[PDB]
Amino acid sequence: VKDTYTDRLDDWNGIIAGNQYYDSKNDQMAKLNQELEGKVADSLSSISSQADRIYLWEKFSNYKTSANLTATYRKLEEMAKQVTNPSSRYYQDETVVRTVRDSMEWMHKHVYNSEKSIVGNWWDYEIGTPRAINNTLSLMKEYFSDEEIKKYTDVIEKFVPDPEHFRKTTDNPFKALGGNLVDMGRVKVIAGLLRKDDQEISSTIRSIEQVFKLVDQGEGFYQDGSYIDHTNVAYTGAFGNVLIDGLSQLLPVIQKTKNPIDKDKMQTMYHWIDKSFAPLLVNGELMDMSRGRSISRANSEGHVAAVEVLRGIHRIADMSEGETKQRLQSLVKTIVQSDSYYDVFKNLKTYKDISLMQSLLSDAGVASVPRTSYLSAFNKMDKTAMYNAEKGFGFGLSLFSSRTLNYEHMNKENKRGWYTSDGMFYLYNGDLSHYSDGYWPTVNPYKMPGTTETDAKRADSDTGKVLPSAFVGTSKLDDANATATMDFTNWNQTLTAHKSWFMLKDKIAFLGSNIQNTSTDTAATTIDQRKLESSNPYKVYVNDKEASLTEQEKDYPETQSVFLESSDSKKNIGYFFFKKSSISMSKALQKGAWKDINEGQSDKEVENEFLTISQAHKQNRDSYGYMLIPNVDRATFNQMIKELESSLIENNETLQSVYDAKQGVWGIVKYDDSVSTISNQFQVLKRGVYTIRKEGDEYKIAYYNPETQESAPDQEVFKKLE
Ligand SMILES: CC(=O)N[C@@H]1[C@@H](O[C@@H]2OC(C(=O)O)=C[C@H](O)[C@H]2O)[C@@H](OS(=O)(=O)O)[C@@H](CO)O[C@H]1O
């Protein structure tokens, strides 16, 4: 019955597949078509055609493993896409049409139906599979009767009858929010359209509207740009992705139903884009510190994941108007064009998405200007993102506190992310591939960059924890200067350290004090563990003298500096130790498999060479202090360290501060309320984090109390001398 429901489904088909936009003469589209042709060909030649078959596909035969249901139905969706693509060799193919119909019936009779109960993961039963079934039926609605459609979607209503909750049939349902809430729309709104059920459509859309509300606690988007999911996990880059990616797909359809969403309600999406997503995108890469356990997926490295966000933004731009549309187009354009490592089209999986991107890139009317400098203090999720446009580098600071979980290990994914939030830092430079090409399965998980840890063995079976202290946070002064601290205690309460960071425009100072260890394990801070490029080798200098690193760790006592020299200055990394320090370095090939950190991944061996720099802490009360200076050549680095000779103001158990004389900026962390006199110019009076700038006789102050998550009146925390 061709009606308004089918009309909406046609629009949905144009969004999830886009066959109406296909053009064989379009190289990028032809590439995706060829991929789908191959997938269908593989599925058709391996499917079971035997009577009394115990499965459709032998590699997805054990139906007690929920993942096999979703994978099976997704193969049918691929078939539906091609059978309805005039340019496919499978267009209106009678064998494929019958294969999809027969397969749906077979699964319905022996594997997935209303009489079944969740076996394995609820996600496959309520989201993964229902979405694959909805899309298959939507694409091939001209081959199924309304009665068959309702028949094959009854199971969806059994497992997901309530648009406000998931796991309804289990003994522990949960309130649907964020990404999950968006998926609820792709499940019940589409099923509602297929079943011509107005009540399901309306109630689901109404439920979906909750997603536009910013929160001040719990899961969701925060005013400061943070995004929390799974109770207390920083998750903008994975569940946030699903949210914007899926919602941007749904909106065009929803807005054409009898229950469109108010325009002022959808206004918050622009806040997510500018405040939440944009800062986490550097040279086409979505910062891993925001991706949770997804970092352990080989097919979802940083640049790939970024496309999920970018395509979502582009769709939103397409449904926007005027300046709003123009600026969003420019944002997507400059990000994509800044990415010289990853081909955006590799993750644009529908013809409309491919088409939109091509028009954007070729439209001279859409400005593509390098993004300006910025610094986002995502205090509500304990992460900080910094980007310097003049020099061209990004910096990510990954922390956690009593308010957030350090790392997520679940569904057998991210088994070794133990220290990824223990004050771990990321540097985004000229090597756009650094955190890609197998970084995650080859990086030594015991030496994450920036972290202070003991060398005790850790179990893959462990799960995340919150930090005992709430004294973790960032005080931002402007787009280039901020200060952060973390009152760190390790996983088993055997080591402590007051770790602080001083972001000073074109460099970051790392200070650590009060380092104590009550265990028999050795303690050390990993200054860096950088993945190398065989094509661009580094020439290493210690105290400005070339050094030859080996697989075997070499000690360098009385080190004032270390410089990693590339042929490309935008890949250079220098480390200046305020006080001569005893460090050790090594360059070695590290091997591993994605399966080591994610059970469902390939056991194929991967290898990468890493340069590791560490500083041992053999005594209680130890400390570390150094300045990370990227993107400058050797002579310039040498000149800068002389300018910074006296930049360290203090680094003890109650006070840590660094001064940038060139900028007239101070970064300060106070652990108590004593009166601290700084540079004989002013005094800071309260426990907390400060970033201060002197402009003549004037003083600009940025104070933050991380525990109460509040700033304070200037006179309460600052006092100029005389
Ligand atoms: C955010 C997240 O990790 N969600 C998990 C699922 O992963 C997303 O799957 C899809 C999709 O449209 O199916 C798009 C995203 O890129 C993925 O991040 C999925 O995990 S997995 O199978 O991809 O490894 C399901 C499986 O049960 O679990 C979700 O939590």
Side-chain angles (χ1 to χ4, degrees), residues 1-16 114 122 125-139 141 144-169 173-215 219-221 242-269 272 312 315-316 319-320:
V1 186
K2 190 175 187 178
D3 50 19
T4 57
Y5 300 108
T6 61
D7 284 351
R8 296 290 72 72
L9 293 171
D10 281 327
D11 294 334
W12 182 239
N13 293 337
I15 294 173
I16 63 168
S114 299
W122 69 280
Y125 283 75
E126 300 172 47
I127 298 177
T129 290
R131 278 167 49 198
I133 288 175
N134 283 333
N135 292 4
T136 299
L137 299 174
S138 185
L139 291 170
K141 55 179 167 62
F144 285 99
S145 66
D146 291 323
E147 189 175 307
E148 295 179 304
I149 289 171
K150 184 175 182 178
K151 176 215 297 181
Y152 296 127
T153 56
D154 275 346
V155 60
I156 295 179
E157 303 308 306
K158 178 277 171 63
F159 287 115
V160 192
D162 178 23
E164 300 191 307
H165 305 77
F166 273 117
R167 284 209 295 274
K168 193 70 174 181
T169 65
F174 76 81
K175 176 78 172 180
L177 298 174
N180 286 156
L181 182 53
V182 166
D183 267 331
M184 178 66 82
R186 295 196 292 184
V187 169
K188 297 188 68 64
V189 170
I190 308 305
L193 288 173
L194 286 161
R195 299 167 70 73
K196 304 178 187 297
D197 191 322
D198 295 318
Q199 193 278 162
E200 174 169 39
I201 296 176
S202 60
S203 64
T204 301
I205 292 180
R206 184 183 183 186
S207 185
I208 296 294
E209 302 184 317
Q210 305 174 65
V211 76
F212 299 112
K213 296 181 176 181
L214 293 181
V215 302
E219 310 174 327
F221 282 110
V242 172
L243 200 166
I244 193 175
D245 180 35
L247 184 63
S248 57
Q249 273 191 157
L250 283 173
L251 289 180
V253 175
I254 287 178
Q255 295 310 77
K256 273 180 152 56
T257 66
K258 293 184 178 183
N259 306 125
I261 300 175
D262 297 313
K263 301 302 177 183
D264 41 61
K265 290 187 179 178
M266 297 168 76
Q267 196 60 31
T268 52
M269 297 192 298
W272 311 333
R315 291 171 195 142
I316 293 173
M319 68 180 86
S320 299

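Sequential numbering from 1 along the given sequence is applied to the chain's residues. Note: hydrogens, waters and symmetry copies are ignored here, and every other heavy atom, side chains too, is used.
- Shortest non-hydrogen contact noted between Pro173 and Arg167 is CG-O, 3.1 Å.
- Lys265 meets the salt bridge (charged side-chain N to carboxylate O under 4.0 Å, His left out) test with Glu209, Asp262; sequence neighbours excluded.
- Looking only at side-chain heavy atoms (C-beta outward), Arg8 and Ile254 stay at 4.5 Å or farther from each other.
- Looking at heavy atoms from C-beta onward, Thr129 lies out of side-chain contact with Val155 at the 4.5 angstrom threshold.
- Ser203 meets the side-chain hydrogen bond (donor to acceptor under 3.5 Å, both in side chains) test with no other residue; sequence neighbours excluded.
- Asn180 places a side-chain heavy atom less than 4.5 Å from the side chain of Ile127.
- From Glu126, atom CD reaches atom CD1 of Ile156 across 11.5 Å, with rounding to the nearest 0.5 Å.
- Rounding to the nearest 0.5 angstrom, the gap separating the NZ atom in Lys196 from the OG1 atom in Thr6 is 5.5 Å.
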request  = Take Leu193 and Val253 through the test side chain to side chain contact (heavy atoms under 4.5 Å, CB included) and record every step on the way to the result.
outcome  = CA-CA 10 Å; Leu193 288 173; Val253 175; 3.8 Å; yes
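- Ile208 is linked by a side chain to side chain contact (heavy atoms under 4.5 Å, CB included) to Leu181, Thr204, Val211, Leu247, counting only residues two or more places apart in sequence or in another chain.
- Judged as a salt bridge (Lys or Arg N to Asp or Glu O under 4.0 Å), the pairs with a partner in residues 244-257 (not counting sequence neighbours) are, in order, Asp245-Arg311, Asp245-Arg315.
- Sorted by first then second residue, the ring-ring contact (aromatic ring centres under 6.0 Å, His included) pairs that include residues 174-210, not counting sequence neighbours, are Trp122-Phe174, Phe166-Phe174.
- Every residue was checked against the side-chain hydrogen bond (donor to acceptor under 3.5 Å, both in side chains) condition with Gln249, not counting sequence neighbours, and none meets it.
- When side chains are defined from C-beta on, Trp12 counts as touching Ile190, because their heavy atoms get closer than 4.5 Å.
- Listed by chain and residue number, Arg131, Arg186 satisfy the side-chain hydrogen bond (donor to acceptor under 3.5 Å, both in side chains) test with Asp183 (two or more places apart in sequence, or in another chain).
- One finds the CG atom of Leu137 at 5.5 Å from the CZ atom of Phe144 (value rounded to the nearest 0.5 Å).
- Looking at heavy atoms from C-beta onward, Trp272 lies in side-chain contact with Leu214 at the 4.5 angstrom threshold.
- In this structure, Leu9 and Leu194 approach most closely via the heavy-atom pair CD1-CD2, 3.8 Å.
- Side-chain atoms of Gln255 come within 3.5 Å of backbone N or O of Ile261 as a donor-acceptor pair.
- With sequence neighbours excluded, the residues forming a salt bridge (charged side-chain N to carboxylate O under 4.0 Å, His left out) with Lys141 are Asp10, listed by chain and number.
- Annotation: side chain of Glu157 is not in contact with side chain of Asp197 (no heavy-atom distance under 4.5 Å).
- For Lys151, the salt bridge (charged side-chain N to carboxylate O under 4.0 Å, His left out) partners are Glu105, not counting sequence neighbours.
- Heavy atoms only, all atoms of each residue included: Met319 and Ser248 are closest at CE-O, 3.5 Å.
- Partners of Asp198 under the salt bridge (charged side-chain N to carboxylate O under 4.0 Å, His left out) rule, at least two apart in sequence or in another chain, do not exist in this structure.
- Listed for the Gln210 side chain is a donor-acceptor partner under 3.5 Å among the backbone atoms of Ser207.
- Between the side chain of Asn134 and the backbone N or O of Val187, at least one donor-acceptor pair lies under 3.5 Å.
- Evaluation of the side-chain hydrogen bond (donor to acceptor under 3.5 Å, both in side chains) rule for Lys213 yields no partner, not counting sequence neighbours.
- Residue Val182 comes nearest to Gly246 through the heavy atom pair CG1-C, 3.4 Å, listed as atom of the first residue, atom of the second, then distance.
- To the nearest 0.5 Å, atom CG of residue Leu250 and atom CD1 of residue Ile205 are 9.0 Å apart.
- With sequence neighbours excluded, no residue forms a side chain to side chain contact (heavy atoms under 4.5 Å, CB included) with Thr4.
- No donor-acceptor pair closer than 3.5 Å links the side chain of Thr153 to the backbone N or O of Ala191.
- Residues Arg206 and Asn259 have side chains not in contact (no heavy-atom distance under 4.5 Å, counting atoms from C-beta outward).
- Two residues are said to be in side-chain contact when any heavy atoms from C-beta on lie closer than 4.5 Å; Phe212 and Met266 meet this criterion.
- When all heavy atoms of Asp162 and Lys168 are compared, the closest pair comes out as OD2-NZ, 3.5 Å.
- In this structure a side-chain-to-backbone donor-acceptor pair under 3.5 Å is present from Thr136 to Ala132.
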